[PDB]
Structure formats: C-alpha cells, structure tokens
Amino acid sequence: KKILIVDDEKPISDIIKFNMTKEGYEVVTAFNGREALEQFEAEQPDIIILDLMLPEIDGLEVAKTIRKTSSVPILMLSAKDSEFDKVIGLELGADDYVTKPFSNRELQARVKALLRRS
C-alpha cells in the first residue's frame, strides 16, 4: 500500500516515513500544500497523513480540494488538540484526527483501520 505524508517538519516526516516503511508501506512525501496536491494526483496514494499546518496551502484547504475528486482516506495530524480543531478537520473531510506528539504504534493502528475500511 502507498502512503503520502504531508508534513512540513522534516524531522516528523522522517519518523513517520521510517515507521511506515518498516511496516511495509511505500511512502511518498510532501512538505507543503502544493506538493501534497501534486503528489496526490501523480501518485494516487491509498492513504494520506496530512498536517493541518503547512507552508503554501493549509491542511484544511488541501483536504477540501482533495474531497472534490476523491474519497481517499485522510488522517489529519496536528499539535492543535481542541474540540474546534478536531471537529473542523473531520467536517472538512478528515477520516481521523490524531494529535502530536503521537504514539508510533497508535498511528500505525489507525492507518490500518482506515485501510481496512476503504
């Protein structure tokens, strides 16, 4: 399976990439909203882990435009952990919303749960 990780922090992106690779996923990466959209169209990932906060396009905006054409599962990841953040991510199309810092094992479990249902 192919995962697109859209994250503007190279350290966090690498931790997720390393852990998804170890689980046997193919990983493509993007570091802003524009790259996320390009990688999305070109690579057709099975799932996208999307930071809400990105340099070019926000995460909310990326997920909005994705949902125009695609039902690809989106797992939103963010340091913002209030009700309003989670609810607005889910309502703008996230299938799930996990907060940072996260548990590596939980992330993996949640990715598998999204792919199981999809």
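Basically, rigid core = biggest C-alpha set you can superpose within 1.5 Å across the two forms. We number the residues from 1 along the sequence you see.
Core superposition of the other structures onto this form places the C-alphas of 44 to 52 farther off in 8 other deposited structures of this protein than those of the other stretch among 44 to 52 and 62 to 70. Relative to its counterpart among 87 to 95 and 50 to 58, 50 to 58 has the higher mean temperature factor, C-alpha atoms as listed in the PDB entry. Per the deposited record, the Cα B-factor of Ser78 falls in the middle third when ranked against the other modelled residues of its chain.
In this PDB entry, the Cα temperature factor of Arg110 sits in the bottom third of its chain's modelled residues, the lowest group. In the deposited entry, the Cα temperature factor of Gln44 sits in the middle third of values across the chain's modelled residues.
Ranked by C-alpha B-factor against the other modelled residues of its chain, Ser71 falls in the middle third.
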